[PDB]
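# Structure assessment
These are the residues of each chain, in order.
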Amino acid sequence: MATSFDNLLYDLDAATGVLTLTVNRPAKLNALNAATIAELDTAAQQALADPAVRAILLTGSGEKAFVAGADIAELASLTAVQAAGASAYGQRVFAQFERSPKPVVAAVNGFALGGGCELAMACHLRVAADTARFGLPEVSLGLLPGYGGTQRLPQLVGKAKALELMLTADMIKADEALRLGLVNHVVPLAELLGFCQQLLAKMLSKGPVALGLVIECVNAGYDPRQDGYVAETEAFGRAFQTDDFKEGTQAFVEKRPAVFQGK
Amino acid sequence: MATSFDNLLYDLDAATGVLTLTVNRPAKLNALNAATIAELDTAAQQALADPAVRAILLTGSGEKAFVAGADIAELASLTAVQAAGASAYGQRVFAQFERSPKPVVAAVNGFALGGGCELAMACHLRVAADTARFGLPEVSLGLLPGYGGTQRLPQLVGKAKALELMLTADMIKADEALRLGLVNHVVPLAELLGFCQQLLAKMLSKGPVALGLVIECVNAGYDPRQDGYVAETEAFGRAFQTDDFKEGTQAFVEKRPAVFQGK
Amino acid sequence: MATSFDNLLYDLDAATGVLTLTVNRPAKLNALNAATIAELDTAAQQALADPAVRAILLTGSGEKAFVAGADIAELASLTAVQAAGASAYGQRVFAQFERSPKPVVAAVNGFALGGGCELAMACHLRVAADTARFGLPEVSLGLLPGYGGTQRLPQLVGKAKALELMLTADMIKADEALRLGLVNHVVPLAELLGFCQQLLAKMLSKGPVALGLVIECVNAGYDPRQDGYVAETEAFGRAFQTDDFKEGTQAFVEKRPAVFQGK
């Protein structure tokens, strides 16, 4: 469980604290399979535990695919009970990115299909390249999205267009995804990584604890078992106690930059 | 079996499996009344129990209104008690279209107002003509939308624009509905039926059981009484124990067309 | 006294019934403080009790600001518990506008930041001036929104852009806010308070009991504890029991105008 993966690259930029996680099966269009999910799990677990990781930039190797579906031969080999288990597992692994108190941005450099679209939707923000494509083609196999897609797509583009995309299996381009709300920004592919780093810069100059509480409180709003207003009030007093608030307020009245430490 | 109706037209096309259901009161702009609601209840149940029915296309007769309001003089002759009951009934009836495992597409050919707007909103997809208009005028009469509009309009349009439409009783053009998310597509009235046929054709080439499982799963993300992710996991195992799934995966690896049977 | 506030202007037009509430601290850009927030409390309570108040228009003093932040010096002086209590109190006060049976429009004539952006978001509707700018820069201090902004901004803007705004502290113009759903309309500053009067005119011609019943029922669809369909059914029967509904219904049949009275 160190930093050595057969299907991912794990490049920590000690300097910015941004960790680039790259899905790295280029001859397979960065498709998912049992091993890659499990490595995603391990990678995510380690980044959350490492103080030097301040944020996560997720992406795919090459210029054609972010994550383009999954190994269908692997998938077909499972029984129904194992398939229910693989779905429960993929939901847990992806949810680890959604629930993470460190900002997680998906840099969509190509096809984001199926489990790959579902991976991108689990992150807090998406930035797509000119040439990016999205879609949930599971019904074309007599399947349905099993990694949260039936939950996350409606919350990003609404009920009607989530149904249309999941019922027709349509594949859309970056400009449509932008218009629907599936990605936050579209930019040329050559500019993709750099734009995301600028965007992470804008967040990594804010209170790290404050970042985590915001992500937590937004998540609570979308979970009917959680009360987001109560969580928000407790987060508010919690952030108030931190050294970073005492520092953030000093830097605001004195009009100097704030030095946040996560405390 | 008794598919003859005073106020509806039940034309099942036996090649495609598409049931066209037409509201047939063009002299009264297809308004709703106790009889029409009850026929839609009956037709929906027949549509959902007939294996020949693979999808539903809902439209208005006479190319001037989809469904424009409801027989208000009929409504006024009810006690407050019966009125609450008529509300529960109408919204139970509409929910049959929302919860239908067979895709339901509303082809809005003209005015969709009040209960007629709520009927359109209860379908999975809405395609509208250039000349269609949407609104919820119930406050004009000292009433409120009583067939799900206060719930479904926010889902499609966001809380803010939903409050506006229902508090101002504004009528809006199909261009404005397709911008807020209230319809998926706008076309000239003469292409409306042809467009809806192409769109239904995309879905009917997919796994019939998978379609219905998608609909069940985005529905559970919207009612707090159901988990959602757990629904998706149970539906994902369900898809795996179907003939259609073995066929879909084989057809994918062999790169050939898939022949789904709904099993 | 009756309408005697150090920080607010309580101007009630006795004809139309529009109460105009102006946060009045233009030297500090209408920044909130404990006194202003408590005064907005009593203003709201007073407005809901007064039968001559039929709507609320909320705005800021000058050309520069709507409500720009909060007195950070005052805030930093609280204990950790007192801050939590301030968050609890401020979401209670802002929810009075959200839950009001009387419609509440915010006219955002300039800067709407932090607390002020959260105050705008609690109102049913927002009309912006073209010079308006919005933001939640709490994370720049190591805080997070503590007046419901973590809950209401996703409702207005969706998860992805709510996260981006709260985590980047980006300021946006009314151009982008309209595009995102954060305001309903954009008009020139010169036209702003006139537009809102025209908009309040559409609602004040409708059944007053019915306006607050839609506001109840929309709110119930966002509360996971409530079940908005049941609440809509109870509202429909309660509407029937009012004289405005008999008035409203009689007037539609005998195709004539309608004089509502709110009872």
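Entry numbering is not used for residues: they are numbered from 1 along each chain in the order the sequence is written, which may differ from it, and residues without coordinates are omitted. Labels follow written order: the first chain is A, the first ligand is 1, and so on. To get the side-chain values, take all heavy atoms of the structure and skip hydrogens and water.

- For this coordinate set, the PDB header names X-ray crystallography as the determination method and states a resolution of 2.69 Å.

### Here we look at the overall build of chain A
- The helix count covers DSSP runs of H or I at least four residues long, the strand count covers runs of E at least two residues long, and both are numbered beginning at the N terminus. Looking only at helices and strands, chain A features eleven helices and ten strands.
- Over its C-alpha trace chain A gives a radius of gyration of 19 Å, about what one expects of a compact globule, namely 18 Å for 263 residues.
- Its C-alpha atoms give chain A principal-axis dimensions of roughly 60 × 40 × 40 Å.
- Only the protein chains shown count as cover for residues, with accessible areas throughout obtained via the Shrake-Rupley method and a probe of 1.4 Å. Accessible surface computed for chain A: about 10,000 Å², of which carbon and sulfur atoms make up 56%. Taken over C-alpha atoms, the radius of gyration is set against a globule rule of 2.2 Å times the number of residues to the power 0.38.

### Comments concerning the sheet that holds strand β9 (residues 172-173) of chain C
All names here are of chain C.
- Here a strand pair is declared whenever DSSP counts at least two bridges between the two strands. Read from one edge of the open sheet, four strands run β4-β6-β8-β9, paired in mixed fashion. Among the strands making up the open sheet, the edge pair consists of β4 (65-68) and β9.
- Where strand β6 (residues 111-113) meets strand β8 (residues 133-135), two bridges bridge the pair, whose relative direction is parallel. Residue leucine 113 lies in a different strand from β8, and its bridge partner there is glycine 135.
- Residue contacts are counted whenever heavy atoms from the two residues lie within 4.5 Å of one another. For every element, the axis is a line fit to its C-alpha atoms; helices are fit only across the contacting stretch, and the angle between N-to-C directions ranges from 0 to 180 degrees. Each of β4, β6 and β8 touches helix α4 (residues 115-122); the most contacted strand, β6, lies at about 95 degrees to it.

### Overview of the interface of chain A and chain C
- Contact with chain A, which involves 41 residues of that partner, is made by 39 residues of chain C.
- At the boundary of chain A with chain C, total buried surface from both sides reaches about 3,600 Å², with 69% on carbon and sulfur atoms.
- Two parts lose some accessible area (1.4 Å probe) when they are put together, and adding that loss for both gives the buried area. Three residues stand out in chain A for area buried against chain C, namely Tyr229(A), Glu232(A) and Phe236(A), and they jointly supply 20% of the buried area on that side.
- A pairing counts as a salt bridge when a side-chain nitrogen of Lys or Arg comes within 4 Å of a carboxyl oxygen of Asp or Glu. Counting across the chain A and chain C interface gives two salt bridges.
- Linking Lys159(C) and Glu98(A) is a salt bridge whose minimum nitrogen-to-oxygen distance equals 2.7 Å.
- Polar contact is the term for a pair of N or O atoms within 3.5 Å; when the atoms are in protein, one must be able to donate a hydrogen and the other to accept it, and sequence-neighboring residues count only if both atoms are side-chain atoms. For the pair chain A and chain C, the number of links is 17 residue pairs in polar contact.

### Describing the pairing of strand β3 (residues 55-60) of chain B
Residues and elements named next belong to chain B.
- In this scheme, a residue with accessible area under 20% of its type's maximum is buried, one over 50% is exposed, and one in between is partly exposed, where area comes from a 1.4 Å probe on protein chains only. Taking burial as the measure, the six residues of β3 include six buried ones, the bulk of the element.
- Burial along β3 is two-sided: the residues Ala55, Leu57 and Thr59 and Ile56, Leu58 and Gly60 are all buried.
- As defined by bridge partners, strand β2 (residues 18-23) adjoins β3 across six bridges and the pair is classed as parallel. Residue pairing across strands places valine 18 opposite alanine 55, the latter belonging to β3.
- Look down the strands so they point away from you; if going from the first strand over the helix to the second traces a clockwise path, that crossover is right-handed. Handedness of the β2-helix α1 (residues 34-49)-β3 crossover: right-handed.
- Where β3 meets strand β5 (residues 104-108), four bridges bridge the pair, whose relative direction is parallel. What sits directly across from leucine 57, in β5, is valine 105.

### Some details on the relation of the copies chain A and chain C
- Here the copies share a common frame obtained from a least-squares superposition of their C-alpha atoms. In screw terms, the move from chain A to chain C is a rotation of 120 degrees and a rise of 0.4 Å along the axis, fitting with an RMSD of 0.6 Å. Given the turn and translation reported, the copies of this chain are related as if by a three-fold rotation axis. Judged by C-alpha distance, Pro224(A) is the residue of chain A that lies nearest the rotation axis, at 3.2 Å.
- An asymmetric contact is evident, with only 5% of the interface residues of chain A recurring at the interface of chain C.

### So, the relation of the copies chain C and chain B
- If you rotate chain C by 120 degrees and push it 0.1 Å along the axis, it lands on chain B with an RMSD of 0.6 Å.
- The two copies present different faces, since only 7% of the interface residues in chain C are matched by interface residues at the equivalent positions in chain B.

### Details of the pattern of salt bridges
- A complete count under the given rule lists 31 salt bridges over all chains for this structure.
- Close ionic contact of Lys263(B) with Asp243(B) constitutes a salt bridge, the shortest N to O distance being 3.4 Å. Separated by 20 residues along the polypeptide, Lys263(B) in the segment after α11 (243-253) and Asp243(B) in helix α11 bring together distant segments of the chain.
- Residue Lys263(B) is classed as partly exposed on the basis of its relative accessible area of 48%.
- Taking the shortest distance from any N to any O, the salt bridge between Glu98(C) and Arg152(C) comes out at 2.6 Å. Here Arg152(C) lies in helix α5 (residues 149-157) and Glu98(C) lies in helix α3 (residues 80-98), a separation of 54 residues in the sequence.

### Here's the deal with the sheet that holds strand β7 (residues 125-129) of chain A
- Judged by pairing direction, the sheet is mixed, and its six strands sit side by side in the order β1-β2-β3-β5-β7-β10 (chain A) without closing on themselves. At either end of the open sheet lies a strand with only one pairing partner, and these are β1 (8-13) and β10 (185-187) of chain A. When strand polarity is set aside, the average angle formed by the axes of neighbouring strands in this sheet is 20 degrees.
- Direction of pairing for strand β3 (residues 55-60) of chain A relative to strand β5 (residues 104-108) of chain A: parallel, over a ladder of three bridges. Following the sheet pairing, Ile56(A) is matched in β5(A) by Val104(A).
- Against the sheet, helix α8 (residues 192-204) of chain A touches β1, β2 (18-23), β3, β5, β7 and β10 of chain A, its axis set at about 155 degrees to β7(A).
- On the sheet, helix α6 (residues 159-168) of chain C packs against β7 and β10 of chain A and is oriented at approximately 105 degrees with respect to β7(A).

### Thoughts on unusual backbone geometry
Residues and elements named next belong to chain B.
- A positive phi angle is found at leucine 29, which is not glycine, with a value near 45 degrees.
- Phi at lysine 255 takes a positive value of approximately 45 degrees, unusual for a residue other than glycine.
- Its location among the elements puts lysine 255 in the segment after α11.
- You can call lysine 255 exposed: its relative accessible area is 79%.

### Observations concerning the side chain of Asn219(B)
- Positionally, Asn219(B) belongs in helix α9 (residues 208-222).
- Overall, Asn219(B) belongs to the buried group, its relative accessible area being 15%.
- A distance of 3.1 Å separates a polar atom in the side chain of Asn219(B) from the backbone oxygen of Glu98(B).
- Apart from the residues lying within four places of it in its own chain, the contact partners of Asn219(B) are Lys159(A), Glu98(B), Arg99(B) and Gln226(B).

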